[PDB]
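Take a look at this single chain in structure tokens; it is the form deposited in one PDB entry.
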């Protein structure tokens, strides 16, 4: 009297609308009792052939496992193929009906979903993070065996309970769009890597999370580690000039600045001891605060930071979640960091203000822009479909967030701005960036529609290699196309029709 396991059916993963993303499909595995095989040696060659194995090597393996009562022949054949071997009636050959995961969207959502074991245990991404929920509990079968031991099947001791279903926050339609457009952007620019995150400003849901390179989890032969990283969550980078709107939020909240205030940025450089702060465009003197963002003046943002102090900038960044724990619990997710100082020297103050010295994830950057677009209120992040929205936390004053939103709409819409971020039919807001690593990261971060925001988006492209490499040239056009499609796919009313 012994017990054999009764495999449980692992729960289905779907996207937010119910589209299957991970399904456990019936699969047959074959094992043998060598002691029973040792009584039917003349059958071995035909069985070896039916397993695509060499007869002599196969025979060797059963001889050297002769004294054992159990060994695997092969795992995870199709039910019809496993019937082929079962049909040739070899003594001591048995079958086990297991389940095997299939991923219908393949590489399009591989980084979010992850994958399972040969045992159908989650070992990456969502499959790992929600493993206890999805797994269910295997059963126990009471079985009688003779002293060979040939099994000669009594009753179910304990039933199998299937795993529970799970609906992600991801919208597969948005995911496909983002994937295709990020991929196109990568190839066109000779880029090495990239991330794109799309977030629902009002509910905290991650509507799309896509990276390049990626991999097809359905093929065990193409699990190459470098292409398996969910870069949006597990890789960090200096956000660069994409953090300037949060510097600006500190300035406006300080009570010392308004959008119409002027800063003098001539001659487009500022010498701070050994360190020189430099702008790309150096034919400006007086700029207002909206102008500082539109032209992305480093000198301008540094002078404001000197006036208000680094501490005020650090707290806005901390509050919005940059370099902080997101609390999602995605496997291998990084926290990043905001630097700290007892006393902040000028050079450190300036570099913070325009996005160096700190390290963030793409998901953190998108979460920060989402809170800004949601009138300064940060809704907790979710990877699962949200039906009842949790209470959000006020992180920037509504009034300040509104002003900064307007300024950002101007960076997209005014002359001298990131016109390639413009979304046909809609008002859009955002900020470009280009950070060093002569290697660069091209960036665009933003949200839309400007009159009542719905979606925040970050596009991060690593090391473009074709002439133009600024965030406004490389990443902005991706924001434009993906945002255009996402908006209409979500049936959001156009707010900039003529």
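For clarity, a rigid core is taken as the largest C-alpha set superposing within 1.5 Å between two forms. Positions refer to the first chain, counted from 1.
There is also a form deposited in another entry; it is not shown, and the following applies to it.
Rigid-core fit between the shown form and the other one, the member of 173, 303, 202, 141 whose C-alpha shifts 2 angstroms or more
The answer here is 141.
Comparing between the shown form and the other one on the rigid core, is the C-alpha shift at residue 395 2 Å or larger?
Shift at residue 395: below 2 Å after core fit.
Superposing on the rigid core, is the Cα displacement of residue 67 between the shown form and the other one 2 Å or more?
Shift of 2 Å or more: yes.
Yes/no, residue 129 Cα shift of 2 Å or more between the shown form and the other one with rigid core fixed:
Comparing the forms between the shown form and the other one, which are aligned on their rigid core, residue 129 does not shift its C-alpha by 2 Å or more.
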